[PDB]
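> Here is my input; please provide its structure:
(one chain, ligands or ions: 1)
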Amino acid sequence: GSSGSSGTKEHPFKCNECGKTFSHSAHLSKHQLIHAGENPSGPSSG
Ligand SMILES: [Zn+2]
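Numbering: from 1, shown residues only. The relevant structure is shown in the block below.
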């Protein structure tokens with residue numbers, strides 16, 4: 001058949017923390033640092 005029913009979001013890199021997608025890894029890896037607390041909280045509320 002085919003690997004990827006959906007049309008868009010066909011990037012080889014997909015974040016598992018949120019569910020994002022990046023064409024290149026460098027982008028993902030970098031976008032991952034955001035999940036590892038890399039900014040001062042504020043308006044956040046759990
Ligand atoms: Zn993410």
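> Residue numbers of the chain in contact with the ion?
15, 17, 18, 20 (Cβ under 5 Å from the ion). Every C-beta, even on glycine, is put in place using the N, C-alpha and C of the backbone.
> which pair in those residues spans the largest distance?
17 and 20 (8.3 Å; Cβ to Cβ).
> out of these two, which sits in the more crowded spot?
When residue 17 and residue 20 are compared for neighbours, residue 20 comes out ahead with 16 against 10, by other Cβ atoms under 10 Å.
> how about the closest residue to that one other than its chain neighbours, what does it touch?
Excluding the flanking residues, the one nearest residue 20 by Cβ to Cβ, 6 or more residues apart in numbering is residue 31, at 6.3 Å. For residue 31, the contact set (Cβ atoms under 8 Å, 6 or more residues apart in numbering) comprises 15, 20, 22.
> follow-up on the earlier one: in TSV: the residues of the chain next to the ion, plus secondary structure.
Output for these, formatted as TSV (DSSP: H, G, I helix; E, B strand; the rest coil):
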residue	secondary structure
15	coil
17	coil
18	coil
20	coil
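> that's a helix at the residue nearest to residue 20, yeah?
Yes: using three-state DSSP, the assignment for residue 31 is a helix.
> Now do it against residue 23, distance only.
As judged by Cβ to Cβ, to the nearest Å, residue 31 and residue 23 stand 12 Å apart.
> In three-state terms, label residue 28 for me.
Per three-state DSSP, residue 28 ends up helix.
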